[PDB]
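Have a look below at one chain only, the form solved without this ligand, in structure tokens format.
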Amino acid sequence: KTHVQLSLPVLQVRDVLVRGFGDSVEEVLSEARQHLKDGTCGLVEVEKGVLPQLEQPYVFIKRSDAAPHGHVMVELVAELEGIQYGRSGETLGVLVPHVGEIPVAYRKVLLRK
């Protein structure tokens, strides 16, 4: 399927144990997509002071359209040293590995895969 319904656990930035997906734009997009397929991906909501506490390159989920079955349609955009790889809508959050952190909420998304 071109899209997959996921429910992503929303993590507090200070709880995250693994603060990025890897060391290059191509690697972090690859690993993010793998962890989304495997159900091992969390979401951190972006506010003042959040991104400097995480590791670059960043992977964002961004709104791709204006929401089937309560799932916002999203796609992946990476960022490294202020350059983005991909073009999309509003940021819903930054993706990180999930390794058993307790979430505060869930974010229903339809991931363009």
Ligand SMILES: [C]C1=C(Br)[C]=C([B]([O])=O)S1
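Note that residue numbering follows the sequence shown and begins at 1.
Participant: Can you count, per the entry, how many deposited residues between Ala66 and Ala67 come without coordinates? Answer none, 1 to 3, 4 to 9, or 10 or more.
Facilitator: Count of unmodelled residues in between: 1 to 3.
Participant: Between 84-92 and 24-32, name whichever shows the higher mean Cα B factor according to the PDB entry.
Facilitator: Higher mean C-alpha B-factor: 84-92.
Participant: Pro57: which third of its chain by C-alpha temperature factor?
Facilitator: Within its chain, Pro57 is a middle-third residue by C-alpha B-factor, going by the deposited values.
Participant: Select lowest, middle or highest to describe the third in which the CA B-factor of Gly49 falls within its chain in this entry.
Facilitator: Highest third, going by the recorded CA B-factors of the chain.
Participant: Please say which third, lowest, middle or highest, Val72 falls into when its CA temperature factor is compared across its chain.
Facilitator: It falls in the top third of the chain.
Keep in mind that the form solved in complex with this ligand is not shown, yet the notes after this line are about it.
Participant: Could you confirm whether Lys113 comes within 4.5 Å of this ligand in the entry with it bound, counting heavy atoms only?
Facilitator: So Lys113 counts as contacting this ligand.
Participant: Within 4.5 Å, heavy atoms only: does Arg33 come near this ligand in the entry with it bound?
Facilitator: Yes - in the entry with it bound, heavy atoms of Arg33 and this ligand come within 4.5 Å of each other.
Participant: Can you work out whether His71 and this ligand are in contact in the entry with it bound, taking contact to mean some heavy atom pair no more than 4.5 Å apart?
Facilitator: So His71 does not count as contacting this ligand.
Participant: Indicate whether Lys62 is a 4.5 Å heavy atom neighbour of this ligand in the entry with it bound.
Facilitator: Flag for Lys62 set to no.
Participant: If you look in the entry with it bound, which residues in 68-107 sit within 4.5 Å of this ligand (heavy atoms)?
Facilitator: Result: empty, none.
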